[PDB]
Amino acid sequence: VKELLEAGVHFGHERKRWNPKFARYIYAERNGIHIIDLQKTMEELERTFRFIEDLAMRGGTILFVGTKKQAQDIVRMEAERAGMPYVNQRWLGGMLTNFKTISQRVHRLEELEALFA
RNA sequence: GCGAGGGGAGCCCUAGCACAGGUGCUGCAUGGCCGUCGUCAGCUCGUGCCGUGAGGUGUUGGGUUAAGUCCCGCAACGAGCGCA
Ligand SMILES: [Mg+2]
Ligand SMILES: [Mg+2]
Ligand SMILES: [Mg+2]
Ligand SMILES: [Mg+2]
Ligand SMILES: [Mg+2]
Ligand SMILES: [Mg+2]
Ligand SMILES: [Mg+2]
Ligand SMILES: [Mg+2]
Ligand SMILES: [Mg+2]
Ligand SMILES: [Mg+2]
Ligand SMILES: [Mg+2]
Ligand SMILES: [Mg+2]
């Protein structure tokens, strides 16, 4: 059922902005718009969720992210409904890399709850 | 020591030694203090990111303000010397 749902209404959309690499992942390009390969997508989904199966059970944490409007809300509920980290708003430069200083802002957060109750 | 006479401290003259004192230089040897641009809106540090590097980014941009004042946006995130 996971396969036919995708085939339903969740594939192909972009046009005239394609990379040479995303081309081999393509199935066709009629009406002037690209059409992603559903078959290869499944196989990739398999390999991905395999990494998910390990990652989830390893106890590790996934950092979700999406600034696109169509994904801000979707990833929002789905990240909380899993307790996993995520950022829908404008991603900051250094969040992962310069993490030490980004955390200082998280520390400024607890200060708020202090003078909030 | 009853008296004579002797030495020391305080203080002086004369002779002699070490030394004092100098509004005599050098404000390009300096401390300190002061004028000045100008109360003008500025100048930087920490880490991250870009560049081979000098360095950039932040502090640029849009609105606003006496002001780097505040807001929104932002590969940047905070802080410090200033403004208040
Ligand atoms: Mg469905
Ligand atoms: Mg063409
Ligand atoms: Mg941002
Ligand atoms: Mg005598
Ligand atoms: Mg002399
Ligand atoms: Mg001088
Ligand atoms: Mg001087
Ligand atoms: Mg002179
Ligand atoms: Mg480098
Ligand atoms: Mg080179
Ligand atoms: Mg620099
Ligand atoms: Mg600069």
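Residues numbered from 1 in each chain as written, not as in the entry; some residues may be left out. Chains lettered and ligands numbered in written order. Part of a larger assembly, values for the part shown. Heavy atoms only, no water.

Method of structure determination, per the deposited record: X-ray crystallography was used for this entry, reaching 3.5000 Å resolution.

Peer 1: So, the protein's contact with RNA strand B: which residues are in play, and what are the values?
Peer 2: In the vicinity of RNA strand B, the residues found are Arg90, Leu92, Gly93, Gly94, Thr97, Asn98, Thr101 and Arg105. For RNA strand B, the backbone portion of the atoms within 4 Å of the protein, that is sugar and phosphate, comes to 68%. Between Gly93 and RNA strand B, the recorded distance is 3.1 Å, taken from a backbone N or O atom to a sugar or linking oxygen. Within the side chain of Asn98, one N or O atom sits 2.6 Å away from a base oxygen of RNA strand B. Across the surface near RNA strand B, the residue classes tally to 1 nonpolar, 5 polar and 2 charged. (Near = heavy atom within 4 Å. Polar contact = N/O pair within 3.5 Å; in protein donor to acceptor, adjacent residues only side chain to side chain. Nonpolar A, V, L, I, M, F, W, Y, C, P; charged D, E, K, R; others polar.)

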